[PDB]
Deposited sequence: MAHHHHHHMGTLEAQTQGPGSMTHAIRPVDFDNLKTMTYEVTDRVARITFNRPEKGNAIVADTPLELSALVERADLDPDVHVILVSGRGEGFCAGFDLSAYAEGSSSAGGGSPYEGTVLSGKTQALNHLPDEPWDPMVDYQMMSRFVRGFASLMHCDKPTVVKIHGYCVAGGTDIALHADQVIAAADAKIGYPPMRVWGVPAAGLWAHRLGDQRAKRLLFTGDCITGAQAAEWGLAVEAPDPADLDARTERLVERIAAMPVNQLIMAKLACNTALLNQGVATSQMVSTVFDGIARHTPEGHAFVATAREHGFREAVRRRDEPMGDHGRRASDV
């Protein structure tokens, strides 16, 4: 990673806030190969800077993140991975796991890093976008944001494996058994988000939150996060994550997975998504009425 030629996001430190800001708004800040690498590198940079006390992750454009979009001679090559997605030959789930687990590993830097992480969600945080967002220590969301994992319906299982740890069993299952999304307001109500300001107030309340955190000594902040993370990680997060990443690979290789891909190839991915969600009445920015 080259801090002078970042491809997917920007880095800027203002006062004590390290702002990591997705920079592909034309693509909904969709996750590409470089996203986890840049995210993890920038988080480490922030961790090591004694003038940084808090990391604020956000996206440009209409929403936080819409989800998923030098490796030659590795298991991660484009050729190896595309061969592993052919339907009419046995695939290798561990070749898939080596690829997908490294996305998740990059995203997990927001959980495991020394310093506090805040994610600001506006608009949408769906599918892969939640594999990032749910790792953050604090999530603040616009009241009218759309948040969930629609590809439970076809083509994914949340690789991060964090829904049960963030929502509890009942509410995680409510979303993962349907692919339904909740509003930012409901995310606050269910405790997925710490607050849900009206969209006109989101930036102001977000800046207030990070300022308050940033006013604290780094040593205190690091200790609080270490203390709290002993309880979080003791819930079996590592296991939830591993098995969910395997499951996501499975979702991308079932008959249902391949039929979705074939639809995306014929009509484009946006239209494949519309046809997935339309029978459920929550296509686009429509609410799921949870």
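J.: What ranges of the deposited sequence are left out of this structure?
T.: Absent from the structure are positions 1-28, 98-112.
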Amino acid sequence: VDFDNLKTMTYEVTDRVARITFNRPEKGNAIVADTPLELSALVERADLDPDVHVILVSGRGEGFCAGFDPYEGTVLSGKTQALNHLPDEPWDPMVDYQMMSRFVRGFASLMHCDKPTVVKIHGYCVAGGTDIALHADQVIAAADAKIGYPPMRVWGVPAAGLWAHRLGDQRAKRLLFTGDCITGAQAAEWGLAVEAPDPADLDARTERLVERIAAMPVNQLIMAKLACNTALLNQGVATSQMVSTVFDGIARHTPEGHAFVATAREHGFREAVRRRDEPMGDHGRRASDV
From here on, numbers count along this sequence of modelled residues.
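J.: Is the mean CA B factor in the deposited entry higher across 262-270 or across 11-19?
T.: Mean C-alpha B-factor is greater for 262-270.
J.: Per the entry, where is the mean C-alpha temperature factor higher: 233-241 or 220-228?
T.: According to the entry, 233-241 carries the higher average C-alpha B-factor.
J.: Check the PDB entry and point out which of 109, 80, 101, 186 has the largest C-alpha temperature factor.
T.: If I rank 109, 80, 101, 186 by C-alpha B-factor, first place goes to 80.
J.: Can you tell me which of 179, 161, 90, 129 has the maximum CA B-factor listed in the PDB entry?
T.: Checking the PDB record, the top C-alpha B-factor among 179, 161, 90, 129 is at 90.
J.: Using the B-factor values recorded in the entry, state whether the Cα atom of residue 46 falls in the lowest, middle or highest third among the modelled residues of its chain.
T.: Middle third of the chain for residue 46's C-alpha B-factor.
J.: Taking the chain's C-alpha temperature factors as the reference, tell me which third residue 191 falls into: lowest, middle or highest.
T.: Middle third, going by the recorded CA B-factors of the chain.
J.: Quick check for you: using the entry's CA B-factors within this chain, is residue 64 in the lowest, middle or highest third?
T.: Middle third of the chain for residue 64's C-alpha B-factor.
J.: Comparing against every modelled residue in the chain, figure out the third that the C-alpha B-factor of residue 71 lands in (lowest, middle or highest).
T.: For residue 71, the deposited C-alpha B-factor lands in the highest third.
J.: Would the CA B-factor of residue 170 place it in the lowest, middle or highest third of its chain?
T.: Lowest third of the chain for residue 170's C-alpha B-factor.
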